[PDB]
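*Asks:* no sequence for this one, just the structure:
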């Protein structure tokens, strides 16, 4: 069973940096697009980032472009979201998800993680 | 007690003649005579795995194409070609079938009383073939099946004349 | 996974027939058939380096002159002469060309569609030659080039009949 | 040999015209070295044996409102291409040029050949190849014709055997 | 005395691929080294994996054009190294010389369409199961499928899984065994905005764990 | 020089059950393992001893 | 028993420059030494390099 485990969340000051980790187990880690989704309180899940599995690529949302960095480690089966230049709007639960699909919709990703809480303090 | 003469790996390691020979031949272990030592002890298993060694008496060169190769590939010398010596030719072939183990009985078919055609070791061709012997190396057997002896019509038991030094 | 059967040094180490044979022959690897395994996998490289082993079926003695030797030197036995045995002759030749590596395509000429004459391995002569086989040892290839499969006229894909144990 | 640092400088040129009526498979070529009019041409004529690499920067001036893809490549030992192998020009060093995504390519190649030194008056190893992958689509708000350029400078120029003048 | 030997019967013949070397005729030849020569490849599958090559769609073009008709099916093409669409591919060229194969095969989609046109697509692979491929763009969602939109990238790579009965599969699809041999891929257009002649080029390369097994010489010579 | 050998008379023939192997023709073939396959028997008498059968 | 051997096809012929020696016929011959003989050259190019010669 493709299982995603999130870690690295917590409280952090605005303007700082934080790194999240997504530990994945399974035989299909090397064929699945892996990205992150953020769910603001009272808001639906929204795409924030994604990384490819063949060349490496990158794609960030317009709200976080130029501020985030998403990286993958095939040998360790871990996907990380390196975060910098924090702002208060980023206080939300960050969900690791994957699938063969690369979209902005959240309903199209079959597998999800349990989520981690990230709080931005102004 | 010594139980070496009933070993499965030891009883299968001997040459056995294959009766049906053609200019083009598909090497299948199920062509053996069913009542011989090797044939009958082989039909008493469900699956098997083995290498092979063959002795062929041919005219001209002999070509071998592995399992899955097209039939038209038998007319090219790029595939392993053996040039004929005087008495005959000895070759050692590997196991090339896609399946992990082969079988002696199949329950049904495989296309979207007859085994699938994918149960073979390859093919050989020459201008003609006069005799062909096969030899199972490092044999292994699985899932035993019934083995039957010769029947007795009305006697107490079968009588066979043994070799005697009588002059 | 095992990727040994696609090795460049392993796929090139087999005998291949050279169709054109003459009483005097200049051994060039570009005489191979273009659609065979070795020929087609060789035209898919730009440069190459290799040794050679040859099997020749001749009458009388066989003489070999290295690369750059005059043609008149083929009539003297001082150059390596092989006396004929019954079936054929096996010899191992070195690489004697002046250039570091050879080539399969040349863009232009070399004299102050045709490769320069300096791309060869030597020459052989006998009173006649009936067959000639060559073998590339320790081959190496550089700068890959397009490799094409057989075309499909109107079908979905090419169909070739595979070897089957059907009786 | 001595390295001439004055022969390594750029020189912009013209490749071809990119209109809308050219479908997939339109091929343009420019063998190197071309008729350089600077120090390099003097080296080509007044020196005999040279070796050097290359680097190229091709640019297609346009706008994002057009669609299409361009393939630029450096084929060594250039040869005329039949339509079938035009599908396999990604085996050579290459980059994709498309006004939607990118604007400039960058390919650097070293010196390679059979001889350690070459006479560019006779043999031309490298070639610049530009082909249309997808046709140039345009509308009433897109440019009707796109011009492509080409900066080009030899790298690591090494020459041996200095020659006299012609005056 | 001298050693006694027995001349075995059947051994000694010449086989085209025997592993024994020959006797040298011309010794002491030192050839100039071919060290640091750029572009040396030692495995064919490494070259096949590194560089993808185009597919040949109908009429002889390497892109599929958007269709303005009710059939949301852009196209389908067989996944077989002997198929009609993979005819002009380096992978098929290598594979024609071998008998069995096993592993993954990758698919590359690249949008050469205009920037001002946005669209949604999906791809669906169907192993050798049901008698008819799911021509319906919704029926194919039950297969192993993916969804990609040209709003975050113009490149999207899809991997084709290896599903079959045995360990190794044939490469030389037989005259017999009719019906869909193993696998087909069909691409659907969920929506399209001002995409009437917008293009889409597809290329195929070997997977990370592809492998070819038995070298043969099948062509007619 | 070279080693002298004597070609013995009577040896060298082919016997159906000789213990000497043949010369390979097709190298580097790795077959999938047949490990943990249930129901592997290596001796016939073990099968005969384990399972009785009826009399007629 | 005795060792089995296979008589290969194609080998064994006589080549003018083969590196294998022959079988002696007349042993125990001790020849007087040719030590300290002036003017011994072992390489032709050494002689060519040492002494120039005229042009015509």
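*Replies:* Perfect, I can see it now. Residues are numbered from 1 along each chain as shown, chains lettered A, B, ... in the order given.
*Asks:* and for residue B:114, the neighbour number?
*Replies:* Residues lying near residue B:114 (other Cβ atoms under 10 Å in any protein chain shown) number 9. Where you see a C-beta, it was placed from the backbone N, CA and C, and this is true even at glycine.
*Asks:* so residue D:147 bridges to which residues?
*Replies:* residue D:17, residue D:61 (DSSP bridges).
*Asks:* near it, how many other residues are there?
*Replies:* Neighbourhood size, residue D:147 [other Cβ under 10 Å]: 14.
*Asks:* same check, this time on the one 3 residues further on
*Replies:* In terms of burial, residue D:150 registers 21 neighbours under the definition other Cβ under 10 Å.
*Asks:* contacting residues for it?
*Replies:* Residue D:150 sits next to D:12, D:13, D:14, D:15, D:30, D:56, D:57, D:58, D:59, D:128 when contact means Cβ atoms under 8 Å, 6 or more residues apart in numbering or on different chains.
*Asks:* which one of those residues is nearest residue B:88?
*Replies:* Nearest to residue B:88 among the contacts of residue D:150, counting by Cβ to Cβ, is residue D:128 at 61.7 Å.
*Asks:* excluding chain neighbours, give the residue nearest to that closest one in space.
*Replies:* residue D:30 (4.6 Å; Cβ to Cβ, 6 or more residues apart in numbering or on different chains).
*Asks:* element containing the one you found?
*Replies:* strand D:27-31 (DSSP states H and E).
*Asks:* all the strands of chain A, in order from the start?
*Replies:* Secondary structure of chain A (DSSP state E): strands located at A:3-7, A:10-13, A:18-25, A:33-39, A:45-51, A:59-60, A:68-73, A:78-83, A:92-99, A:111-112, A:116-121.
*Asks:* which strands and helices sit next to the fifth one?
*Replies:* To tie it back to what came earlier, the one meant is strand A:45-51. Helices and strands touching strand A:45-51, by 3 or more Cβ pairs under 8 Å, 6 or more residues apart in numbering or on different chains; DSSP states H and E, are strand A:33-39, strand A:59-60, strand A:68-73, strand A:78-83.
*Asks:* just the first one next, same as before
*Replies:* Applying 3+ Cβ pairs under 8 Å, 6+ apart, one finds that strand A:3-7 contacts strand A:18-25, strand A:92-99.
*Asks:* show me which residues of the first one are buried.
*Replies:* Residues A:18, A:20, A:21, A:22, A:24 are the ones in strand A:18-25 that count as buried (16 or more other Cβ atoms under 10 Å in any protein chain shown).
*Asks:* spatially central residue for the chain, please.
*Replies:* As the question left the chain open, I've gone with chain A. The centre of chain A sits closest to residue A:36, judged by Cα atoms, centre = their mean, with a distance of 2.5 Å.
*Asks:* can you look at chain E instead?
*Replies:* residue E:91 (4.7 Å).
*Asks:* and that residue, what element?
*Replies:* Element membership of residue E:91 [criterion: DSSP H and E] is helix E:90-95.
*Asks:* does the helix or strand that comes right after that helix reach chain C?
*Replies:* Later in the chain than helix E:90-95, the nearest helix or strand by DSSP H and E is strand E:100-101. No. Against chain C, strand E:100-101 shows no contacts by Cβ under 8 Å from any Cβ of the partner chain, the least distance being 9.6 Å.
*Asks:* re earlier: what's the distance between the nearest residue to the residue nearest to the centre of chain E once chain neighbours are set aside and residue E:208?
*Replies:* Distances taken as Cβ to Cβ, 6+ apart place residue E:48 nearest to residue E:91, at 5.3 Å, with adjacent residues excluded. Applying Cβ to Cβ, to the nearest Å, the value for residue E:48 to residue E:208 is 12 Å.
*Asks:* those two: who's more crowded?
*Replies:* Neighbours were counted for residue E:48 and for residue E:208 using other Cβ under 10 Å; residue E:48 has more, 26 against 14.
*Asks:* for the helix or strand harbouring that one, buried residues please.
*Replies:* If you go by DSSP H and E, residue E:48 is part of helix E:44-50. The neighbour-count check on helix E:44-50 (16+ other Cβ under 10 Å) flags E:44, E:45, E:47, E:48, E:49 as buried.
*Asks:* now the first one: closest residue in space that isn't a chain neighbour?
*Replies:* In space, and not counting its chain neighbours, residue E:44 is closest to residue C:6: 4.6 Å by Cβ to Cβ, 6+ apart.
*Asks:* with the last one instead?
*Replies:* Distance criterion Cβ to Cβ, 6+ apart; nearest residue to residue E:49, sequence neighbours excluded, is residue E:206 at 4.4 Å.
*Asks:* now chain E against chain F: closest residue?
*Replies:* Per Cβ to the nearest Cβ, residue E:6 is where chain E lies closest to chain F, at 3.6 Å.
*Asks:* by contact count, what packs against the helix or strand hosting that residue?
*Replies:* Using DSSP H and E, residue E:6 maps to strand E:3-7. For strand E:3-7, the packing partners by 3+ Cβ pairs under 8 Å, 6+ apart come out as strand F:5-7, strand G:3-5.
*Asks:* excluding residues flanking it in the chain, which one is nearest residue A:121?
*Replies:* The shortest distance from residue A:121 to any non-neighbouring residue, by Cβ to Cβ, 6+ apart, is to residue A:13 (5.4 Å).
*Asks:* residues contacting the one you found?
*Replies:* A:86, A:120, A:121.
*Asks:* thinking again about what came up before, now the helices and strands packed on strand A:3-7 as CSV including distance to residue E:109?
*Replies:* Shown next, in CSV, are these (distance: least, Cβ to Cβ, whole Å):
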stretch, distance to residue E:109
strand A:18-25, 24
strand A:92-99, 16
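*Asks:* before we move on, the earlier item: separation between the residue nearest to residue E:91 and chain A?
*Replies:* 15 Å (Cβ to the nearest Cβ, to the nearest Å).
*Asks:* ditto for residue B:112
*Replies:* For residue B:112 relative to chain A (Cβ to the nearest Cβ), the value is 28 Å.
*Asks:* what about the closest residue to that residue other than its chain neighbours, neighbour count?
*Replies:* Closest residue in space to residue B:112, ignoring its immediate chain neighbours: residue E:179 at 4.5 Å, by Cβ to Cβ, 6+ apart. Using other Cβ under 10 Å, the number of residues around residue E:179 comes to 8.
*Asks:* thanks a lot, see you next time.
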